[PDB]
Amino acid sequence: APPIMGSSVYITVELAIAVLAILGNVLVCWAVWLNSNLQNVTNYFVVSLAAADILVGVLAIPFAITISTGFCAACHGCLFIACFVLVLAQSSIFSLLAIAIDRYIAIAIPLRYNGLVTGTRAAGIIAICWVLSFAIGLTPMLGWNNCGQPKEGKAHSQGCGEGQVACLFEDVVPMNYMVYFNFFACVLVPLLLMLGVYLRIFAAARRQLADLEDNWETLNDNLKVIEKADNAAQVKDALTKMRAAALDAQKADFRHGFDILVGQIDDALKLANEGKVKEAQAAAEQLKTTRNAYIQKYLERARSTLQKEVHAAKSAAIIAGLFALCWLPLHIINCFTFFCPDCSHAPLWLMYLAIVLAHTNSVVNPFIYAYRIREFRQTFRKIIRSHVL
């Protein structure tokens, strides 16, 4: 078949992806700009990620279409066309890693979060990561390239000028760079890092949920103990273990609820020390009202916050996971090309599918926010509804 037919399918799909990438990610940026409830440090990395995905539609996909033709070009110009997408992919990895660390700090040291993680510091991190993304993605331009060993047969067969090559990705970008440097070091290692961070996030959330439940059962168990104890030392032992358990919970109207609880325990405790057991039990039984009134509400709000954080972190993890799914095939095909030179090159149609799937990643982020985060979903509706209506 004439190549122009298969290439017409490839180009049409690439342009379709470019349109979806631009529209969806413009909506993400628009949403964060308008809605103050979306303006947090976490979402500044989301916007940086959306900007990279817009750039895939506006620049990388047109570059990808161009380099598929093998057009004649100065090798360093070709290199820039071939490698710019690597800058955007690297920026996305830094943004994904930053989001994971952000959510980890939020769950592990909430008290210190807003003091550590600020808009000003985030903006600085985003600027540094973009600079590093240019350095990593355009490393071939610094001399790690095959511009020095041009394919002269292809150059003259295609009728290129001198100094010019048939501009093809695999002719100009070295496969050792793509496999060892780009894939293993700059992509795979950060992805495994994010896996580790997210693991630590879910473990932290699970431990804090358990601790909450433990304090609640420990406050309820020791109550029953006091109600059935026939000795003043039994009441004292239990009440001392409730005071500790209450003071851990305090740190972990609610602020008043705790002062009442500690006070009522201190009351029932001084009675117990004086031998007044029935009076200690009577004083201990008022804790039920403080528990019903205040403690049960603080337990349930704190449980609600942790669950919201587990949801947000799962949402972020899906986006990191989707990046991996969409990019691994292209990276794995490169590994086969590099490591198995006795293996037939992956056919053109599968190369096209791998490239298109990597580009498709720049579409998916907006759907995940829409499906998994109400605050974005609501703002999407309002930006669409107030432009339709």
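What we label the rigid core is the largest C-alpha set whose atoms superpose within 1.5 Å from one form to the other. In case it trips you up, residue 1 is the first one in the sequence shown, and so on.
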query: When the other structures are laid on this one by the rigid core, do the CA atoms of 55-63 or of 344-352 sit farther away in 9 other deposited structures of this protein?
result: 344-352
field: Segment of greater CA departure in 9 other deposited structures of this protein, 136-144 or 223-231, core superposed
entry: 223-231
- request: Determine if residue 200 is unmodelled in a third or more of the other PDB entries compared for this protein.
  value: no
message: Counting only other entries where the flanking residues are modelled, do a third or more lack residue 253?
response: yes
field: Unmodelled deposited residues flanked by residue 185 on one side and residue 186 on the other
entry: none
message: Which is higher on mean Cα B factor in this entry, 203-211 or 134-142?
response: 203-211
statement: Avg C-alpha B-factor, entry values, 96-104 vs 110-118, higher side is 110-118
field: Candidate residues 254, 84, 180, 169, the one whose C-alpha B factor the record puts highest
entry: 254
- request: Identify, among 249, 193, 319, 128, the residue whose C-alpha carries the highest B-factor in the deposited PDB entry.
  value: 249
message: Going by the CA temperature factor in the PDB record, which third of the chain does residue 90 belong to: lowest, middle or highest?
response: lowest
message: Could you place residue 264 in the lowest, middle or highest third of its chain by Cα temperature factor, using the values in the record?
response: middle
field: CA B-factor placement of residue 174, once the chain's modelled residues are sorted into thirds
entry: lowest
query: With respect to C-alpha B-factor, does residue 298 fall in the lowest, middle or highest third of the chain as deposited?
result: highest
- prompt: Would the CA B-factor of residue 155 place it in the lowest, middle or highest third of its chain?
  reply: middle
